[PDB]
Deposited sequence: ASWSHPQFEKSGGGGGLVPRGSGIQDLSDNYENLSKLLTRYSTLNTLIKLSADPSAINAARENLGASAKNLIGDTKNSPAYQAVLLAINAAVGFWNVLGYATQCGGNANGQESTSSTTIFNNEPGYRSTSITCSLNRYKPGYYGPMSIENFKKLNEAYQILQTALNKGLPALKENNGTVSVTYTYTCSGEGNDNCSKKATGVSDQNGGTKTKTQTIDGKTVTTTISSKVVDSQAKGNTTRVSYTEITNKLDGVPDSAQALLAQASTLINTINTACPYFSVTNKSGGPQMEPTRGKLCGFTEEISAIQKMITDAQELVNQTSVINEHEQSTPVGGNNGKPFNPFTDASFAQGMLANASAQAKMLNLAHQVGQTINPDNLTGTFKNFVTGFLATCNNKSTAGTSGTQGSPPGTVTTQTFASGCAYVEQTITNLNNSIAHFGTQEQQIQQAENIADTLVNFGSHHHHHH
């Protein structure tokens, strides 16, 4: 019986009153429009935005911590090299803004050097992520933003084919160029590759040897969140699949890295966590289309100027419920990203990794995406600050969370009544 229910469960009586009232429903749909704009149109005050940013920064941070310690080498087909040095610019190396892949004879692979093929894949994603982070990420609703990315590497050494026509696509190795396009998203990204040779004796060549320099210029690169998450995924999965050998230089006093030698996929907790965050932010960003597809801004009421009938006049309810559920799902995943990495709830070696390295910077606050000679062995990706801002944004989403729960309950009541 129903009266006997609406004693003990008193707020349910209120919910039914609200569901029969077209002005309460319209009020709830208005709220939903406003909470959507906070989630997908804002940056600082959007828990969703902060959680995406956090997931990207953790991937970039992971590499800023460990990249300098990571063997790479060989030639272009993942083959061992007898004498190849391949240097990638704007990368967080030991006391340097480059990373050098100069490990010879050893075959590239698991618990060995990272091949240059994988390194190029890694590097490109890193250069993009750092360029976007530097410009600042757009709010979630924007996906026609693009960014322009430029990066260089060099090849020296007898027999080193990592900058050859075959590796590169470039007509002629001295002075030549090549332009290719592809489609990240349903977007056209234009890539311009150019190659220059600098002889050993050439004037102004400090390094006493001769080398090929490759410049890649990418235009129209998507900076949307779906697109940047796909980059961080590539970054973290390249590392985890190639699983290369690393060994760290340990500082006196300092914070202490264990293990000191090993393989990079051996940080299983750290990599699982980051993969999880990326996955959870990808699902979070997916809720954006659900929200857009179910706009809540047309007012509702009884047709033929006759009282509203929640049993027949409520076919909008399915849509309202999908929208509210999406907004709620976004907020829960945002929170969940935060909890995956937050050191308050971490333990043992993983906690040290995060508090002593990943949530740290040794640059000397320099803006996001900058690589200096002191970036190595620290995250330099604003991880502590991003955690704090996520929590702040969630604290300031108190009211909206309650309004979303209410709209969802109203719609869910109406979906029930129509059956």
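Residues of the deposited sequence missing from the coordinate set occupy positions 1-32, 397-405, 461-466.
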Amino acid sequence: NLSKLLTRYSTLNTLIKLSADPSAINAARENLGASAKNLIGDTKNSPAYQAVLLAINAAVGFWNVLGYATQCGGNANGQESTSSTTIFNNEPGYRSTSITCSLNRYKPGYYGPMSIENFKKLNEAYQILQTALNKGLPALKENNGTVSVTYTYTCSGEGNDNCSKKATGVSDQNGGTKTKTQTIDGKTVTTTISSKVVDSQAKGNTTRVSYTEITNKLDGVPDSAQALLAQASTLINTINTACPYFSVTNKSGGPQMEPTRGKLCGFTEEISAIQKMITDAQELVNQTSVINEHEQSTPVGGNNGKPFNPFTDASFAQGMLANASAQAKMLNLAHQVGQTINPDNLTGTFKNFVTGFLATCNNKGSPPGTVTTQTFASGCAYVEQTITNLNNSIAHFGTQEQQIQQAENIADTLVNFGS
From here on, numbers count along this sequence of modelled residues.
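Just so we're on the same page, rigid core means the largest C-alpha set that superposes within 1.5 Å between forms.
The higher RMS C-alpha distance to the shown form in 7 other deposited structures of this protein, out of 5-13 and 18-26, belongs to 5-13, with every structure fitted on the core. Here 234-242 and 305-313 are scored by the root mean square distance of their C-alpha atoms in 7 other deposited structures of this protein, with each structure fitted by the rigid core; the higher score goes to 305-313. Here the stretch with the larger average CA B-factor, out of 258-266 and 118-126, is 258-266.
On average the C-alpha atoms of 164-172 have higher B-factors than those of the other stretch, with 325-333 and 164-172 being the two compared. Of the candidates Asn303, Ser272, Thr241, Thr152, the one whose C-alpha carries the top B factor in the deposited record is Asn303. Residue set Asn89, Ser194, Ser81, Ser96: peak C-alpha B-factor at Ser194 (per PDB entry). When all modelled residues of the chain are sorted by CA temperature factor, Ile25 is found within the middle third. In the deposited entry, the Cα temperature factor of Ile404 sits in the bottom third of values across the chain's modelled residues.
Per the PDB record, residue ranking by Cα B-factor puts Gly379 in the lowest third of the chain. Among the modelled residues of its chain, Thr312 has a C-alpha B-factor that falls in the highest third according to the deposited record. Annotation for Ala395: C-alpha temperature factor in the lowest third relative to the rest of the modelled chain, per the entry.
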